[PDB]
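Laboratory data are not the source of any read-out in this text; all were calculated from the coordinates shown. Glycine also receives a Cβ, built like all others from the backbone with ideal geometry; neighbour counts cover every protein chain displayed.
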Amino acid sequence: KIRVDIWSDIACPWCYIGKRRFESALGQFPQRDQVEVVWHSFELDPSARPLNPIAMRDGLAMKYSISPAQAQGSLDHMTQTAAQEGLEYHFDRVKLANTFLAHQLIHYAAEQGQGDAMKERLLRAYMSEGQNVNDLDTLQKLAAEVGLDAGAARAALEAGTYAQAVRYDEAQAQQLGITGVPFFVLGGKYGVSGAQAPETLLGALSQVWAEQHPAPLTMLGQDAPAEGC
């Protein structure tokens with residue numbers, strides 16, 4: 001097996017682009033059935049208020065200290081880039097929500113083996129559908145659409161069951177020196193930073209697989225005294 005640990009935020013347009021680019025690489029990878037993908041929580045703004053009422057453009061402009069026009073240029077670039085991945089962004093509709101509860105929902109989903117589908121649904125909800133991913137009703141609905149037990153998902157969110165696990169994911173990232181997302185870890189050994197091209201990720205997958213499958217040796221001589229486990 002090859003394990004791929006991916007750190008990502010729901011509020012992260014480059015993370016969604018990166019998810020698609022990774023999926024393209026994985027589709028090209030002959031041993032894709034041997035790959036285990038695990039999503040890990042990362043918050044770009046863990047101190048974000050529950051819901052920040054301003055436009056994403058203005059939020060971005062404040063974050064990077066730039067003009068509304070250049071902030072718009074940035075949004076436009078990301079929109080155009082995402083369109084090449086089949087993604088239709090609607091930044092004008094984005095609700096600037098704290099994503100802590102959404103990350104908790106992905107943790108809930110992953111216990112049911114639906115981590116990726118939940119991650120995917122939340123990215124779409126955030127980037128394309130103008131949904132508030134801090135809103136409990138909204139999260140419950142999205143859980144239902146993914147095929148989860150909507151009532152159980154809601155209860156887990158209200159109890160904060162996966163809160164610690166999310167914070168641990170975030171601490172893990174800090175310890176690994178991960179300061180920007182999306183970030184890929186392969187085989188617990190190799191780091192790949194940002195929304196890399198499919199070719200790069202496919203190359204990494206292939207490199208790791210090859211490393212774990214050396215050519216069999218040609219044995220010489222007879223077995224001599226040896227010790228084993």
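Which number in (1) over 27 Å from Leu142 (Cβ atoms); (2) in contact with a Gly (Cβ under 6 Å, 6 or more places away or on another chain) marks the one condition that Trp39 misses?
(1)
Among the numbered conditions (1) on the phi > 0 side of the Ramachandran plot; (2) buried (at least 17 other Cβ atoms within 10 Å of the Cβ), tell me where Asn98 comes up short.
(1)
Hey, can you tell me all the residues within segment 108-141 that are surrounded by fewer than 23 Cβ atoms within 10 Å (Cβ to Cβ) and closer than 18 Å to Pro46 by Cα?
Within segment 108-141, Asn132, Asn134, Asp135, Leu136 qualify.
Test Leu122 against the criterion of being out of contact with any strand residue (DSSP E or B) (no Cβ under 9 Å at 6 or more places or on another chain) and either small (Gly, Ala, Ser) or not in a helix (DSSP H, G or I) (or both), and give yes or no.
Numbers: out of contact with any strand residue (DSSP E or B) (no Cβ under 9 Å at 6 or more places or on another chain): yes; either small (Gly, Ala, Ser) or not in a helix (DSSP H, G or I) (or both): no.
No; evaluated as a whole, the condition is false for this residue.
Any idea which residue in segment 180-208 is nearest to the chain's Cα centre (by Cα), counting only those that are touching a residue at least 40 places away in the same chain (Cβ under 8 Å) and closer than 11 Å to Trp7 by Cα?
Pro182
Please note which helices (runs of 4 or more DSSP H) are completely contained in segment 1-85 and include at least 3 residues that are within 27 Å of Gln104 (Cβ to Cβ) and without any contact (Cβ under 8 Å) to a residue 40 or more places away in the chain.
Numbers: elements: 13-28, 56-64, 68-83.
It comes to 56-64.
When you go through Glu36, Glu43 one by one, which is the residue that is buried (at least 22 other Cβ atoms within 10 Å of the Cβ), within 30 Å of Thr161 (Cβ to Cβ) and of a type in the set (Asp, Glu)?
None of the other options fit; the residue is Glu43.
Residues being surrounded by fewer than 15 Cβ atoms within 10 Å (Cβ to Cβ), polar (S, T, N, Q) and either in a helix (DSSP H, G or I) or within 16 Å of the chain's Cα centre (by Cα) (or both): count how many of those fall in segment 151-179.
4
Return the total of residues in segment 75-109 being more than 17 Å from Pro50 (Cα to Cα), more than 15 Å from the chain's Cα centre (by Cα) and among the hydrophobic types (A, V, I, L, M, F, W, C).
Here the count works out to 6.
When segment 94-113 is examined, which residues are found to be of a type in the set (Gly, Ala, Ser) and either assigned to a strand (DSSP E or B) or more than 15 Å from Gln164 (Cβ to Cβ) (or both)?
Our first condition is that a residue be of a type in the set (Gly, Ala, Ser); within segment 94-113, this holds for 97, 102, 109-110, 113.
Of everything in segment 94-113, those that are of a type in the set (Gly, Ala, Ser) and either assigned to a strand (DSSP E or B) or more than 15 Å from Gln164 (Cβ to Cβ) (or both) turn out to be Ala97, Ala102, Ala109, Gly113.
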